[PDB]
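**Q**
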Amino acid sequence: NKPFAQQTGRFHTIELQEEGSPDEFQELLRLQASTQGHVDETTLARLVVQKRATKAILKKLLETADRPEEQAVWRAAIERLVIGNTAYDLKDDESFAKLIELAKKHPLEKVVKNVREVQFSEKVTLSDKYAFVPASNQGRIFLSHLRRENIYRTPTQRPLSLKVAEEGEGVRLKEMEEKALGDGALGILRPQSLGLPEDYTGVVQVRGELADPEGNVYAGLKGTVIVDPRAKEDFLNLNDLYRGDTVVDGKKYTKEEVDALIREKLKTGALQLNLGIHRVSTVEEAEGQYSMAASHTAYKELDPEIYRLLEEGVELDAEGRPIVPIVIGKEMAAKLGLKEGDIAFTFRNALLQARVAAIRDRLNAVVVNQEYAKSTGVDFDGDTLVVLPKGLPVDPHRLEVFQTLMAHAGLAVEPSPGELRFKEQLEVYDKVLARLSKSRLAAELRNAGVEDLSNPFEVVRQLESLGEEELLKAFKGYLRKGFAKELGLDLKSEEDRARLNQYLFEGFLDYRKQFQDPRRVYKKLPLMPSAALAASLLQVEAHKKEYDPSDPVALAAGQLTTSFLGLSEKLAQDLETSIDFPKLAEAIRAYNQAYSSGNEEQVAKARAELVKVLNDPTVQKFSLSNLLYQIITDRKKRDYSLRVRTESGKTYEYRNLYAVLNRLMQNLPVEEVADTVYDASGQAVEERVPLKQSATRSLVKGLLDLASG
Ligand SMILES: [Mg+2]
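In this text, residue positions in the sequence shown follow my numbering: the first is 53, and each later residue adds one.
1. Using a Cβ distance threshold of 8 Å, determine whether the stretch 452-461 contacts the stretch 664-684, with at least three qualifying pairs required.
2. Within the same chain, show all residues whose beta-carbon is closer than 6 Å to that of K107, passing over the 5 residues directly before and after it, in chain order.
3. Pull the bridge partners of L133 from the DSSP assignment, please.
4. Can you tell me whether residue 766 sits near ligand 1, meaning its C-beta is under 7 Å from at least one heavy atom of the ligand?
5. Are at least three pairs of beta-carbons, each pair with one atom in the stretch 170-190 and one in the stretch 118-132, less than 8 Å apart?
6. Unbroken alpha helix (DSSP H) runs of length 4 or more, entirely within the stretch 507-574: which are they?
7. Examine ligand 1 and report whether any of its heavy atoms sits within less than 7 Å of the Cβ of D435.
8. Taking the straight line between their C-alpha atoms, what separation do you get for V573 and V269?
9. I need the boundaries of the alpha helix (DSSP H) containing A425, first residue and last residue.
10. Nearer than 7 Å: is that true of the beta carbon of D431 relative to any heavy atom of ligand 1?
11. From which residue to which residue does the beta strand (DSSP E) around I66 run?
12. By alpha-carbon positions, which one of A425, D292, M717 and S491 ends up nearest to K622?
13. Would you mind giving the Cβ-Cβ distance between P441 and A396, rounded to the nearest angstrom? I have them listed as a contact below 8 Å.
14. Below 8 Å between beta carbons: does that hold for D311 and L325?
15. Just to confirm, is the Cβ distance from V379 to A338 under 8 Å?
16. Would you kindly work out how many angstroms separate the C-alpha atoms of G191 and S173, rounded to a whole number?
17. For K226, count neighbouring Cβ atoms within 10 angstroms of its own Cβ and tell me buried if that reaches 16, exposed if not.
18. Could you compute how far the alpha carbon of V419 sits from the alpha carbon of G393?
19. Taking 7 Å as the cut-off, does the CB of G275 come closer than this to any heavy atom belonging to ligand 1?
20. Leaving out five residues on either side along the sequence, give the residues of the same chain with a beta carbon under 8 Å from the beta carbon of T728.
21. What residues are listed by DSSP as bridge partners for residue 23?
22. What first and last residue would you give for the alpha helix (DSSP H) that runs through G734?
23. Tell me, to the nearest whole angstrom, how far the beta carbon of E452 is from that of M580; I am working on the premise that it is less than 8 Å.
24. With a cut-off of 8 Å, do at least 3 Cβ pairs link the stretch 198-208 to the stretch 79-96?
25. Tell me which same chain residues have a C-beta within less than 7 Å of the C-beta of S630, skipping the five on either side of it?
26. Measuring CA to CA, which of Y599, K576, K112 and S73 is closest to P469?
27. Could you please give me the residues that DSSP links to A271 through a beta bridge?
28. Taking Cβ to Cβ, would you say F560 is nearer than 8 Å to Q672?
29. Do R414 and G381 have their C-beta atoms within less than 8 Å of each other?
30. Going along the chain, which residues of its own chain have a beta-carbon closer than 6 Å to the beta-carbon of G340, five neighbours each way excluded?
31. Express the C-alpha separation of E383 and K490 in angstroms, rounding to a whole number.
32. Out of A656, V101, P249 and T613, which has the shortest C-alpha to C-alpha gap to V279?
33. Tell me whether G236 counts as near ligand 1, meaning its Cβ is closer than 7 Å to at least one heavy atom of that ligand.
34. For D75, count the other beta carbons within 10 Å of its own beta carbon; 16 or more makes it buried, fewer makes it exposed. Which is it?
35. If we ignore side chains and look at the alpha-carbon of each, how far apart do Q78 and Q84 end up?
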């Protein structure tokens with residue numbers, strides 16, 4: 053309903069961009085359009101962030117001359133302020149008295165357009181939309197500025213207060229593997245513990261903090277918990293909460309250093325959990341219906357059948373379209389007309405075929421294995437998986453297709469075949485089949501309608517389909533004598549005999565209910581050679597770097613540079629209408645075939661043809677656009693950069709992605725707007741960044757007082 057900075061009282065909040073006012077950053081962005089990309093985007097963002105914040109902190113410092121002891125927290129949001137020639141160290145009762153003095157005697161905006169410097173406290177956390185400051189300086193808050201912005205800016209409804217204790221009644225804090233319950237998940241608790249309607253069973257997205265009475269908060273959690281009355285204890289996984297990696301009172305408390313303070317506080321029964329709900333997972337329509345996604349890894353404990361179902365692999369169909377196992381609930385299965393075994397389709401709000409492996413009574417999530425849906429990038433912190441009925445009124449794309457493009461855009465890299473889930477079993481079955489296909493029994497089967505004896509899951513299915521109970525006892529009995537043979541088990545020993553039926557049926561034949569062909573079900577999905585090829589033709593990667601954790605402008609300034617993600621998206625849409633998906637799919641399917649069991653000639657010619665399609669400008673720009681969309685989205689957390697290795701052997705690095713976005717658009721060479729260039733192995737040949745910055749601050753000061761005489 054309202055932001056978590058206000059619903060808990062930790063931070064006071066002020067707005068950075070006022071009521072519908074013009075976006076002054078979008079207007080500076082055509083200085084880059086005029087100059088053809090020789091000003092710095094992140095420098096322009098800083099000037100905007102420093103003006104909006106200086107105007108907002110000030111507008112509060114006067115409206116709070118009447119709430120004076122609430123003003124003192126906004127005082128320590130600016131240390132020193134240079135206005136004209138005088139300097140205001142706000143820590144002084146003297147300078148701050150003078151600061152509020154000229155405040156009233158002079159008007160707004162135009163006066164702000166006349167400060168020179170500004171330095172912010174470590175207390176203030178700047179973002180693209182707000183500025184946060186802790187309510188009480190008494191306590192201390194043990195998480196970095198990015199995690200404050202990640203956790204406390206999200207709107208949640210009224211927060212709860214759950215006890216944290218190891219023994220007795222409360223929430224326990226287990227120390228498991230990181231992401232053990234899934235990436236975006238961070239705990240399992242019951243519906244009745246956070247006040248949900250009786251025996252709710254799904255997943256809910258929360259924004260909790262872990263505090264003590266004295267106002268200190270040691271960890272903040274961002275992500276989802278799994279709600280289910282079937283688990284015993286409300287428990288939170290410590291290693292999935294944001295903790296440490298910040299500076300309190302001059303010292304840097306690492307992730308491990310804060311973990312000890314909690315273990316000490318948790319032992320003393322003086323540790324709570326202030327948690328707020330952001331969205332409870334319903335099953336709602338979209339045709340199609342959708343709900344949140346949960347990892348199968350978080351049902352290991354409770355309802356293990358869901359886990360074991362989705363852990364035993366995925367299978368590629370006859371055309372190469374992977375069919376992923378999901379687990380849905382009663383409401384969704386009804387509205388989408390699906391029962392167990394049905395094939396459907398699913399996507400995150402890439403499109404994959406889905407195999408219903410189970411249906412639950414009260415579930416309202418879409419439980420999937422995540423390693424098999426990495427092609428649709430499902431992160432379990434509130435991503436909604438849509439499911440569609442069995443009608444299949446569309447062409448689902450083939451594994452080689454999107455895994456290759458995803459690789460040509462550096463979002464995946466070597467050609468590796470998969471891991472056959474039934475490798476050892478099918479070997480043993482093929483040795484028996486050499487003898488079975490010769491036997492009279494094989495003729496009995498082919499006379500009853502079962503002519504292809506190569507698929508064990510089909511012969512057993514096609515037999516119990518059309519009666520023939522006796523021709524199934526003989527088949528199940530022949531494979532017993534054959535496998536006991538082939539594995540050296542004595543069919544008489546009643547424990548050795550119990551090992552046959554434990555390997556042949558339980559471990560193999562019983563899985564005919566989930567999979568069609570055991571020869572096409574994998575445990576680790578392969579990497580098609582066209583994808584390994586496609587990733588060596590475009591040498592594009594997304595380089596990771598953290599925003600300056602000491603300067604609060606760096607994050608907010610970085611988040612402003614995200615306000616043109618839409619132009620990155622239109623470029624992708626406007627580009628994919630050109631690429632002939634028919635020719636690309638056949639060009640890929642040809643190379644993967646000629647690679648696997650092709651002659652020495654075609655592995656060369658199929659390579660040279662696919663290479664010329666991927667060195668094509670329309671294709672290269674579409675994949676490069678797809679990369680920029682991910683980089684821009686990620687820059688809302690870190691100072692990510694683009695890196696490209698060209699035919700010169702050099703590698704170029706970019707942090708002016710709008711200029712890059714312009715150069716791709718009008719089909720211009722993109723190397724001039726770059727920020728730094730490297731010499732293959734050697735590095736830092738041109739450092740263009742310092743020049744673009746001071747010229748930006750110069751061309752700014754020019755454009756300003758020139759429009760004002
Ligand atoms: Mg997500």
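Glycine included, every Cβ here is placed at the ideal spot set by N, Cα and C.
**A** A quick look at the data gives this:
1. yes
2. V164
3. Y140 and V170
4. Residue 766 is absent from the model: the chain starts at 53 and stops at 761.
5. yes
6. 508-517, 521-539 and 549-553
7. yes
8. 48 Å
9. Where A425 is concerned, there is no enclosing alpha helix (DSSP H), given that its DSSP letter is neither H nor E.
10. yes
11. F63 to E67
12. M717
13. 7 Å
14. no
15. no
16. 16 Å
17. exposed
18. 15 Å
19. no
20. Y704, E705, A736, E738, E739, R740 and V741
21. Lying before the first or after the last residue shown, residue 23 is absent from the chain, which here runs from 53 to 761.
22. Taken as a continuous stretch (DSSP letters only), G734 belongs to no alpha helix (DSSP H), being part of the beta strand (DSSP E) at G734 to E739.
23. 4 Å
24. no
25. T670
26. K576
27. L262 and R295
28. no
29. yes
30. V438 and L440
31. 50 Å
32. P249
33. yes
34. exposed
35. 11 Å
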